[PDB]
């Protein structure tokens, strides 16, 4: 069991870790659109989707892996009208074989975020 932590990803203040590695499996925390250096949400849905992917990418790298190792991705959106935009931006972060995934429209997200995503990595 390993705590995965990178200062390239937003600081984890509170009782949780950016990710926990257990055996070959890395359980990554939900990432919201926080700019790590300012700890404020970036403005705009495309920038927020992109920031969540950058944050998850930073954690995956700290775990000695990459998006190629992601087996499952959960997508949480306050507005599913933006789901096609998530699909589009993913083309810039993923390629075959793609992760399994779930996507739901939620009522609200921490800090007023429009998008949050978590994932499971298998090294």
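Residue numbers count along the first chain shown, from 1.
- Remark: stretch with higher mean C-alpha B factor among 1-9 and 112-120 is 1-9.
- Higher average CA B factor: 61-69, of the stretches 61-69 and 29-37.
- Residue 22 sits in the highest third of its chain by CA B factor, as recorded in the PDB entry.
- Among all modelled residues in this chain, the alpha-carbon of residue 83 has a temperature factor (C-alpha) in the middle third.
- In the deposited entry, the Cα temperature factor of residue 55 places it in the lowest third of its chain's modelled residues.
- Per-chain ranking of the deposited C-alpha B factor places residue 48 in the lowest third.
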